[PDB]
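Here you get one chain, nothing else, as structure tokens; it is the form deposited without the named molecule.
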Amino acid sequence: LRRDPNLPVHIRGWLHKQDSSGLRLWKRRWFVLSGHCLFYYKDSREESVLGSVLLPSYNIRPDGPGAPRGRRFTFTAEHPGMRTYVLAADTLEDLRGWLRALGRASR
């Protein structure tokens, strides 16, 4: 997907993303929610999209108490047959803003 430079941004910032190789590593990426799409980049320069998600078909849920994935404040964006995004915020307030924005984009 392509980002429209003109479109307002609902939220952006760092999140850790778990990889999908099966070794379950994390990599810090810079995410941007614009329109109903999530984009991520190498860093906050927002130069060259490295990945993107069309959110209207996705469901996004927090992973809940207990740091089950080995870090706090994780949440999962999923839809069967589509790539799962496993994400971690740095704080609770961070988590709140992201879950709000992703919920609106997916509804």
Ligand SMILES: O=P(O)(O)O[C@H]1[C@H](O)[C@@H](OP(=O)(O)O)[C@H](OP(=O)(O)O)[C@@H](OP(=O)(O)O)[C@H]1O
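Sequential numbering from 1, following the sequence displayed.
As the entry records it, the average C-alpha temperature factor is higher for 23-31, out of 23-31 and 72-80. The mean C-alpha temperature factor is higher for 59-67 when 38-46 and 59-67 are set side by side. Within the selection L99, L87, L92, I11, the deposited Cα B-factor values reach their highest point at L92.
Keep in mind that the form solved in complex with the named molecule is missing from the display, and what follows is about it.
Between the options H79, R69, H36, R29, the residue in contact with the named molecule in the deposited complex by a heavy atom within 4.5 angstroms is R29. In the deposited complex, the named molecule sits beyond 4.5 Å of every heavy atom of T91. Among heavy atoms of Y40, some come within 4.5 Å of the named molecule in the deposited complex. The closest non-hydrogen atom of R83 lies within 4.5 Å of the named molecule in the deposited complex. Mapping the unseen interface onto this chain, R12 falls outside it, with no heavy atom inside 4.5 Å of the named molecule in the deposited complex.
Annotated contacts: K17, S20 and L50 all touch the named molecule in the deposited complex [non-hydrogen atom within 4.5 angstroms]. Along 53-73, a non-hydrogen atom within 4.5 Å of the named molecule in the deposited complex is carried by no residue at all.
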